[PDB]
Amino acid sequence: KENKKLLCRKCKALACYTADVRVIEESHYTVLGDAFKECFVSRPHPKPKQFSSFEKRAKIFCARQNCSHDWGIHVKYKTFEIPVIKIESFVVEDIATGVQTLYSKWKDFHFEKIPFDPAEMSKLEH
Amino acid sequence: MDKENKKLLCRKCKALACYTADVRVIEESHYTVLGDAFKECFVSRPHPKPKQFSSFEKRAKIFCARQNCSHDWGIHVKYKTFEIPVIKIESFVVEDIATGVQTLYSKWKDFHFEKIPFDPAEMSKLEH
RNA sequence: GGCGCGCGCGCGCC
RNA sequence: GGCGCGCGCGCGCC
Ligand SMILES: [Zn+2]
Ligand SMILES: [Zn+2]
């Protein structure tokens with residue numbers, strides 16, 4: 001349906017749009033685009049682990065000045081290296097009303113959840 | 001012997017608070033404790049945001065009597081003609097007497113024991 | 001990241 | 001007190 005914005009919960013800076021969100025295995029969420037990479041920084045995860053289909057390499061934080069709010073992790077998924085965000089760190093804002101809402105779990109936030117597609121990235125990267 | 005009775009220990013200092021046998025439930029939601037033995041285990045002071053709700057008149061927040069703990073245990077209310085303490089299971093360690101196993105419950109609804117309903121006749125029979 | 005629990009605390013409703 | 005929500009810190013399992 002309509003498009004929404006994701007704002008950092010701590011500093012409230014624009015993070016990304018739900019239009020660029022892709023769902024893996026119906027439970028993990030990543031964001032497509034090179035623009036988004038400017039929004040977060042990556043750093044060594046203290047306790048690296050491997051679950052489901054990923055290999056946890058680091059945690060990502062808000063790229064902003066004094067913010068650095070924990071946004072999620074960065075992993076290895078198949079032939080890719082992608083960030084994985086937790087809805088709990090962001091504020092969802094309806095673009096046409098300014099109405100903001102907070103979700104604790106991805107399952108409680110109902111929007112168009114488009115599945116992650118490897119062919120969708122090799123088309124934008126090649 | 002009844003091997004369902006449980007001890008309630010202050011979560012912060014581990015001191016004995018009371019037994020589940022002395023616990024009475026008001027309106028299927030609020031839990032209070034019977035007897036003076038329990039009255040010696042806590043202290044109280046006026047509540048910040050309180051008073052009227054349900055059939056209660058929140059008259060104070062109660063804490064663990066141990067001067068080196070003072071853990072929050074609940075509140076004291078005016079219920080009908082009585083003045084009673086109301087406790088939150090979230091503040092205690094549940095220890096099963098028969099096996100010593102300790103458990104932590106965040107909600108009364110999760111703690112399963114023989115829940116005896118509060119009854120004024122009981123209150124009275126013990127006052128005279 | 002998902003799920004779960006713990007510790008400390010704030011706010012609303014009754 | 002019950003119920004809901006949020007803030008900060010930590011742990012377990014995958
Ligand atoms: Zn931020
Ligand atoms: Zn204590």
Side-chain angles (χ1 to χ4, degrees), chain A residues 8-12 21-31 40 42 45-61 67-77 80-92 100-109 113 116, chain B residues 10-13 23-33 42 44 47-63 69-79 82-93 102-111 115 118:
Chain A
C8 175
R9 217 118 143 182
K10 195 178 179 191
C11 76
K12 283 228 211 171
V21 172
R22 295 297 179 269
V23 195
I24 296 180
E25 295 168 37
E26 299 80 14
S27 51
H28 303 298
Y29 298 71
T30 178
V31 189
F40 75 83
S42 157
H45 195 293
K47 48 189 171 181
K49 246 284 186 175
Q50 181 157 311
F51 45 90
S52 294
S53 313
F54 309 122
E55 198 195 315
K56 199 189 280 190
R57 285 161 176 160
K59 296 189 188 190
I60 56 179
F61 309 83
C67 189
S68 298
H69 188 235
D70 174 15
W71 283 0
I73 63 177
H74 210 281
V75 307
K76 164 167 190 166
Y77 178 53
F80 312 100
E81 291 236 63
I82 66 178
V84 181
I85 58 178
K86 49 186 184 172
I87 190 59
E88 166 199 291
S89 296
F90 301 92
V91 169
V92 181
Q100 303 184 348
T101 302
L102 305 187
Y103 301 100
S104 178
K105 299 187 170 179
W106 279 103
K107 298 293 189 179
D108 310 323
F109 172 34
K113 303 179 186 184
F116 177 84
Chain B
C10 174
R11 217 127 129 170
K12 191 178 173 181
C13 83
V23 188
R24 300 293 178 278
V25 186
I26 303 175
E27 312 189 311
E28 304 174 61
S29 260
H30 308 296
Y31 301 66
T32 190
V33 180
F42 64 97
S44 57
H47 204 289
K49 44 186 178 180
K51 265 108 177 194
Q52 241 295 299
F53 54 86
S54 293
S55 301
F56 294 139
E57 193 170 297
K58 191 187 295 177
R59 288 184 179 172
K61 196 72 177 166
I62 63 170
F63 315 74
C69 175
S70 291
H71 194 223
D72 186 354
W73 282 6
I75 54 171
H76 211 286
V77 309
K78 170 68 175 189
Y79 176 53
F82 312 95
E83 294 223 3
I84 54 171
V86 184
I87 53 172
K88 52 182 175 177
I89 194 57
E90 182 202 72
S91 290
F92 308 90
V93 172
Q102 304 188 332
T103 311
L104 310 186
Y105 296 105
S106 75
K107 293 181 189 170
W108 282 107
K109 68 175 184 183
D110 300 322
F111 181 17
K115 292 164 173 168
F118 173 94

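All chains are named by letter (A, B, ...) in the order of the sequence lines, taking the proteins before the strands, and each is independently numbered beginning at 1. Values below: every heavy atom of this structure, side chains too, minus hydrogens, waters and symmetry copies.
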| request: Please tell me which of B:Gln52 and B:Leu104 maps to the more 5' nucleotide of RNA chain C, matching each residue to the nucleotide holding its nearest heavy atom. | output: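 Closer to the 5' end of RNA chain C: B:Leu104.
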| said: With nearest nucleotide decided by heavy atoms, which residue, B:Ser54 or B:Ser106, maps closer to the 5′ end of RNA chain C? | reply: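 Its nearest nucleotide lies further toward 5', so the answer is B:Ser106.
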| query | Looking across every strand, which nucleic acid part, if any, lies under 4.0 Å from A:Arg57 by heavy atom: base, sugar-phosphate, or nothing? | reply |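 Nothing: the residue A:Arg57, judged by heavy atoms under 4.0 Å, touches no strand.
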| request: Remember a base hit wins even if backbone is also touched, and classify A:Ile24 as base, sugar-phosphate or nothing at under 4.0 Å, heavy atoms. | output: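 Here A:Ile24 touches no strand at all.
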| query | Got a second to check how far B:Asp110's CG is from B:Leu104's CG, nearest 0.5 Å? | reply |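 So the gap between those two atoms works out to 12.0 Å.
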| query | Measuring from A:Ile85:CD1 to A:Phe90:CZ, what's the distance to the nearest 0.5 Å? | reply |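 CZ of A:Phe90 is found 4.5 Å from CD1 of A:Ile85.
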Between [atom2] on [N] and [atom1] on [X], what's the gap in Å once rounded to a whole number?
X	N	atom1	atom2	value
A:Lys86	C:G4	NZ	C1'	15 Å
B:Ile62	D:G1	CD1	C1'	10 Å
A:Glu81	C:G1	CD	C1'	15 Å
A:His69	D:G6	NE2	P	13 Å
B:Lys51	C:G12	NZ	P	16 Å
B:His47	C:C11	NE2	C1'	13 Å
A:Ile87	D:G6	CD1	P	12 Å
B:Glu27	D:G1	CD	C1'	11 Å

Distance below 4.0 Å between [X] side-chain N/O and [N] OP1 or OP2:
X	N	result
A:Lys47	D:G12	yes
A:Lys105	D:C5	no
A:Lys56	D:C14	no

| Should B:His30 and B:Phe118 count as side-chain neighbours, where that means a heavy-atom distance under 4.5 Å? |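 In short, these two side chains do not touch, never coming nearer than 4.5 Å.
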| Among D:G8, C:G2, D:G1, which nucleotide sits nearest the side chain of B:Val86? |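 Shortest atom-to-atom distance from the side chain points to D:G1.
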| query | What nucleotide, of C:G1, D:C7, D:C3, holds the atom closest to the side chain of A:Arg9? | reply |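 Looking only at heavy atoms from C-beta outward on A:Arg9, the closest nucleotide is D:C7.
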| Under 4.0 Å between a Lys/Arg side-chain N and an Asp/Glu carboxylate O for A:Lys59 and A:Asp70? |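 So A:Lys59 does not pair with A:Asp70 through a salt bridge.
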| task | Could you check A:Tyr103 against B:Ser29 and say which one's nearest nucleotide on RNA chain D is further toward the 5' end? | result |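 Nearest-nucleotide comparison on RNA chain D picks B:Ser29.
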| said: Under 3.5 Å for both donor-acceptor distances, Watson-Crick or wobble: does C:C14 have a partner, and if so which one? | reply: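 The answer is D:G1, by the H-bond criterion.
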| request: Report yes if the ring of B:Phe53 lies under 5.5 Å from the six-membered base ring of D:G1 with planes under 30°, and no otherwise. | output: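 A stacking contact exists, since B:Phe53 sits close and nearly parallel to the base ring of D:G1.
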| Just by distance, do the side chain of A:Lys76 and the backbone of A:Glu55 share a donor-acceptor pair under 3.5 Å? |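 Judged by distance alone, no pair lies under 3.5 Å.
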